[PDB]
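Undergrad: could you work out the structure for the sequence below:
(chains A and B)
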Amino acid sequence: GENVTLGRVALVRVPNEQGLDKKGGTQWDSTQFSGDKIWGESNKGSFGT
Amino acid sequence: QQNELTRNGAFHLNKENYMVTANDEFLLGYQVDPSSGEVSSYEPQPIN
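TA: Numbers count the residues shown, from 1 in each chain, chains lettered A, B, ... in the order given. Sure, structure below:
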């Protein structure tokens, strides 16, 4: 009966999503036109849930 | 001053949050205040 939080999922938003470069397997990476990866939680500020 | 006229509206954002075209060419627009009404300054400048 020990209910403990193990972490929380990280959510990444880039200013220019169109500029993300396409890797394989429905994945992307940050590039110089995509901006820098903005690390944030979910449901905070401009991030979704 | 160095601006060119176009018609297509395929715009997007860049890393600096400037509305640009596909070629990373910056759009121009009028400066209006958050409380202003009509155009305040008629000299164009990039939209932020």
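
Undergrad: ok, residues contacting stretch B:14-30?
TA: Outside of stretch B:14-30, the residues within contact range by Cβ atoms under 8 Å, 6 or more residues apart in numbering or on different chains are A:15-16, A:19, A:32-36, B:3-4, B:6, B:8, B:10-13, B:39-42, B:44-48. The C-beta positions use only the backbone N, C-alpha and C, and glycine is treated the same way.

Undergrad: residues contacting the closest residue in space to residue B:26 that isn't next to it in sequence?
TA: Spatial nearest neighbour of residue B:26, excluding adjacent residues (Cβ to Cβ, 6 or more residues apart in numbering or on different chains): residue B:46 at 4.7 Å. Applying Cβ under 8 Å, 6+ apart to residue B:46 gives the contacts B:18, B:19, B:26, B:27, B:28, B:29.

Undergrad: restricted to strands, list those residues.
TA: Residues of the contacts of residue B:46 located in strands (DSSP state E): B:19, B:29.

Undergrad: of the contacts of residue B:46, buried ones?
TA: B:18, B:26, B:27 (16 or more other Cβ atoms under 10 Å in any protein chain shown).

Undergrad: and the gap between the residue nearest to residue B:26 and residue A:2?
TA: Residue B:46 is 56 Å from residue A:2, where distance means Cβ to Cβ, to the nearest Å.
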